[PDB]
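The structure appears below as structure tokens.
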Amino acid sequence: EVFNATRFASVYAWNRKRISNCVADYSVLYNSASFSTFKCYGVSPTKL
Amino acid sequence: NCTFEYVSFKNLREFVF
Ligand SMILES: *[C@@H]1O[C@H](CO)[C@@H](O[C@@H]2O[C@H](CO)[C@@H](O[C@@H]3O[C@H](CO)[C@@H](O)[C@H](O)[C@@H]3O)[C@H](O)[C@H]2NC(C)=O)[C@H](O)[C@H]1NC(C)=O
């Protein structure tokens, strides 16, 4: 929902959405290749 | 401000919190 929302917020006010009590498919998100750049400074994609 | 939110005589209704 957040990534594929019809309107993506501008740089002026980057919207903050809080997700809780959810199963996080971080591996699936990494698997998605449409996003050009997936960079983790402080996390490990394998460990995510 | 809502870190967590969940939405969805004849009787006695007990409870323990
Ligand atoms: C949840 O609690 C209340 C809900 O009514 C709101 O608190 C406001 O949140 C801001 C930032 O989100 C906080 O700013 C604080 O202001 C002090 C004094 O100006 C400053 O030293 C800091 O910058 C501090 O973060 C503050 O708790 C409060 N705003 C004000 C003007 O008092 C808010 O909706 C929610 N967040 C927090 C943190 O309470």
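Each chain in the structure tokens gets a letter, A, B and so on, in the order shown; residues start at 1 in every chain, and ligands are counted from 1 in the order they appear.
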
Item to check | At most 12 Å from ligand 1 (only C-alpha atoms and all ligand atoms): residue list as a PyMOL selection string | outcome: (chain A and resi 16) or (chain B and resi 1-3)

Shell of 12 Å around residue A:3, only C-alpha atoms, local chain residues under 6 positions omitted, as a PyMOL selection string: chain A and resi 9+15+17+29+32+34-35

Output N, CA, C and O atoms for every residue in the selection just made, as a compact mmCIF listing (two decimals), in the first residue's frame.
# COMPACT_ATOMS: atom_id res chain seq x y z
N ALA A 9 4.05 11.06 -1.61
CA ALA A 9 4.26 12.37 -1.01
C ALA A 9 5.54 13.01 -1.53
O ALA A 9 6.52 12.34 -1.84
N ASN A 15 5.70 11.66 4.05
CA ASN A 15 4.69 11.16 4.97
C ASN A 15 5.24 10.02 5.81
O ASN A 15 6.01 9.19 5.32
N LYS A 17 4.07 6.73 7.93
CA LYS A 17 3.04 5.73 8.16
C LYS A 17 3.57 4.67 9.11
O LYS A 17 4.67 4.14 8.89
N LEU A 29 9.84 -7.86 -0.36
CA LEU A 29 10.08 -6.50 -0.82
C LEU A 29 11.43 -6.39 -1.50
O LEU A 29 11.56 -5.72 -2.54
N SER A 32 11.24 -7.82 -4.97
CA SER A 32 10.68 -6.91 -5.96
C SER A 32 11.80 -6.10 -6.61
O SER A 32 12.56 -5.41 -5.92
N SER A 34 11.30 -3.81 -9.19
CA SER A 34 10.87 -2.55 -9.77
C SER A 34 11.59 -1.37 -9.13
O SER A 34 11.98 -0.42 -9.82
N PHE A 35 11.78 -1.41 -7.81
CA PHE A 35 12.54 -0.37 -7.12
C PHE A 35 13.99 -0.42 -7.59
O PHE A 35 14.65 -1.45 -7.49

Residue list (alpha helix (DSSP H), DSSP) for chain A, as an mmCIF file with C-alpha atoms, in the first residue's frame:
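Output (result30.cif):
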data_model
loop_
_atom_site.group_PDB
_atom_site.id
_atom_site.type_symbol
_atom_site.label_atom_id
_atom_site.label_comp_id
_atom_site.auth_asym_id
_atom_site.auth_seq_id
_atom_site.Cartn_x
_atom_site.Cartn_y
_atom_site.Cartn_z
ATOM 1 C CA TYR A 26 11.095 -7.849 3.934
ATOM 2 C CA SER A 27 12.528 -10.614 1.756
ATOM 3 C CA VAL A 28 9.604 -10.271 -0.666
ATOM 4 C CA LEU A 29 10.079 -6.500 -0.821
ATOM 5 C CA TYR A 30 13.763 -7.019 -1.596
ATOM 6 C CA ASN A 31 12.726 -9.589 -4.210
#

What residues in chain A lie within 10 Å of chain B, counting only C-alpha atoms, written as a PyMOL selection string? chain A and resi 18-21
